[PDB]
């Protein structure tokens, strides 16, 4: 019931620029960091969808100011199902509850 | 340019299509000593600035000179994150 | 950009032919804390702003960068309707 | 743009050749209520404004966007003669 | 434009090569009544203005529109030497 | 242009790529009498200005008119190092 | 208040020469080592942004000495958010707190 | 021992614009007015060389805003010999000592 | 402070020929075995730099006598920083102390 | 252990524009002045690498505004070895201890 | 608060004509003489910046009287830093304090 | 029984980067600094011949980071003769016996 | 206040033919001998400008009768400033006071 934003880049320094320009642009909580192979790295933010839409849009234009970093995919989900948090690695962990 | 401190962020959902993807900060201007003035400016942020950090912000048509802000309606932009200020040959914002 | 509150609208019947169809608001500037300053600005309004709404207004040549305001004599424009201001990591204009 | 009241006119005989034929007014700025501020501006006037009229005056490079003021050294222009101002959904400059 | 009184001259020997041959005045701004403000401006001077003269000075990009100031770093210029100011249909700076 | 005194230096390492090689000063504005105002400006410096110098600083788009500052986000530049100010036909900053 | 710099190289001999020439060039601490797949290996240095910019500039041109080693992406973040220390592997570990 | 600046124009209204924009641009004193034939008229200023260099340079583009007036010749001499005062008509007269 | 040599091959039988011809050519100790993805495997040797330079150079033309095996990357580091021991997997383990 | 910046120009008036715009653009100390033949003159500064990086980069763009003077080579070393001060002429002399 | 002006000529007869016409033109004093190699010889004058620009502009055009003498680079510095007095040979010596 | 290695670069910023990357690479000491004219500057390192070859190979490829800095000639001598210590400036001086 | 003549040749046997045919063609005194690099050697004479003008002009035509020696630049200064003797190496030394 809390919005999920995902920026997938090709490369790790591209995705730390993605993850930091997301949490700096708006009040979102970076809860996730997902590796799926072939150099595809996804970072996951959570928050209100006013914050997530602004952060993911500002986080997309920051990766393209990195040399050799591209944005492979980008999506914002405004109200996910409660089924998704137990299966997919998008949920709030215990480490990141102070930024909620 | 003006030295300013990043106090917060401004999020706008209903905006121009040219303004999408532009990170809008909320800078408060500081004086030459470093005390916060009662003057502020919402500025674009290509160089990623964190909260509380001192930045250099320029006003006017100079905010539209960096190859992606050209056809955007921006009159303020963060051009630099201030590393050090040295006033009268002594350090002021070293850290 | 500056945060401003839409106090009212200004209508001018005798004007330049370039100024036809331009919606002219009356914005009052607010500070970073959110209180109205004694400073105002009549600004163009491409994104539809209602009375009492907080907007983001830019001054200067940046008001002539949006594909139809190009050859118009505009020195102010509403570029964004403010959704959320978050000063010192806490919400200020959530609503 | 700024709401201003036409207090008078300024005549300059020795001037640039680009400034010939440009009617230079003497506007005093009014606030959002309508009281005269201690700030003035000598502005060009394409649309004929009489003494005591409330006008809209824009500053900067926007004064050079009207095809006869293009290569002229103008930083202020009267773009509209104000017909009505409606603040807080009630009339203020109806007349 | 702003009405200003020529207080003096500023001479700079070490300067940009684009700034050579540019006569730099020292103008003190006057109000609508004619009293000297505590605000000044160093302005270029194409039309020859002497000490004590009342001039019209414009700021910004308009100082670079006169075919010899185009590629010069000027943000202020004297566009007119004031002959007569007529405030409220009576003369103020006739002389 | 404004007369200003070079108070200090501002150095920023995290900045735009267009801002590399640009020497950023810290100027404090001086009045017509010659004492320091509580207004400052961080300005680019093509002509080598030392600490304590009196310089001429211009604001706006005029800082981007000097053959290498054209595509840089600069809204202030030092155009001249002041040699002499002569106010009311007597010397003020001779030295 | 310490910056984070990353150099992603293609190859492990390319990433040890990048890591060796980064901690030799300036006063930074190598804290991280992250494999994202497809032979894209990232090292992470920590220090103030003065020394980090001089490390990443030195470590990038240091991978031309390695034959068959390519630099894919580099990035310097002047002050990472506090959110990134717990999610992304850029924080100071206790093995490298003797080098801080 | 005081600097001499000279602006030579073709025409008298061009040389009064040269003489007036010189004494207005900087603290110099116009001491001379020299006719040598063929419509060549020279005006001579005196003062400190910070003032004379600024006035002569600003005096040159003031003749350029006169119709039909050109600058044929211009020169600044920073420290002349004292022999030049008695032979050449560049010295301070009695009428122009109030502007010294 | 002890020299690090790395031979990165494409394939596992190529990297065992690299690892075996390195410890046989000179008195080095193979301490590492690193997989970074896309079939890139690195072996890491330690020893004095007279031994490591001889072993890595002799190890490179031993992979060239394997069918289908190439050397993608190779490098020798003569005196690494002590920061590199704790982050990178190039250090002496407990199993390989008898060959030190 | 203090950072060394060097700007090498072809010519002496270009190298004083180098040396003065280096010490003005940042809080650095000009400690060295080195002639190596064929008109190559080097200017050596010391300081923190926050200063010296801005000092060298602004000092390099100032030589470009001299007629006939160009920059042949330029370099910044952020953390030199302590062996370098005793052999190379880059150390603090006694005359320049008031500017440290 | 005295300026420094330099004229680098190719040749010693070109640089004595440059030095003689600089101290004859304005109220500057010649304090310096620096050979950097390859026949590039620099003279250094000190004075107020109005006197120095009137000297360097006179000394530059004075080297066309010397056949085979070329001007390579000239520069005028409005107020040099205090650091430059002790490192670079531009300071006032005791041979030339009678000309100040 | 210590080797001598030399790297001759064209330029002083090229030779400090060569000298810094030679003493950082291996266990050698920089003992020498020799200018022979025409901008040819040589640094001299001393160590065991395995450490010297690892230094000179590192210092040669380190001069590509210096823009406008070229490597002219490098050489490594396994054990120099005793005659060379007194004639050529390759011997250990008393400034650098703390680094042996 | 005594006239200075200078003949700059490319080569030393050309400059002794310069220096001897200068002191023989007129009553001048050879006071100077200046090397500025790239094979440029200057001969400086002093005397009355009746002598030095004939000395330089006959000294210039004598270098033309040497194989491989040419005159690069030559100049006569009839009345130098007294500032020039203390800085430039054109003054009467103690050894050449018998020929004054």
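A, B, C, D, E, F, G, H, I, J, K, L and M are the chain letters, set down in written order, and residue numbers restart from 1 in every chain.
To be clear about the criterion, a residue touches a chain if its C-beta (ideal position, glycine included) is under 8 Å from a C-beta of that chain, and two chains touch if they have at least 3 such contacts.
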Going by the average position of its CA atoms, which chain sits the greatest distance from subunit I? H
Using only alpha carbons, which chain's centroid is the nearest to the whole structure's centroid? F
Counterpart interface for A-B, drawn from F-H, E-H or E-K and sharing over half of its contact pairs: E-H
Just give me the whole-number Å value for how far the CA centre of subunit G lies from that of subunit L. 29
In angstrom, rounded to a whole number, how far apart do the mean CA points of subunit A and subunit L lie? 50
Nearest whole angstrom, what separates the Cα centre of subunit D from the Cα centre of subunit E? 20
Just the number, please: Cα centre separation of subunit J and subunit M in whole Å. 38
Quick one: which residues in subunit A touch 2 or more of the other chains? 17, 20, 24, 26-27, 50-51, 54
Residue numbers of subunit F (touch at least two other chains): 9, 11-14, 46-51, 59-61, 63, 81, 83-84, 86, 89
With touch defined as at the start, can you tell me which subunit D residues reach subunit E in the complex? 7-16, 18-19, 24, 26, 28, 38, 40-43, 51, 60-61, 63-64, 71-76
For the subunit H and subunit F complex, residues of the former touching the latter: 26-27, 50-51, 54
Subunit G partner, complex, touching residues on subunit J are 3, 48-50, 53, 76-79
For the complex, which residues does subunit K have touching subunit M? 11-14, 16-17, 19-20, 23-24, 29-33, 35, 37-41, 43, 65-69, 95-96, 99
Taking the complex as given, what residues does subunit F use to touch subunit G? 13-14
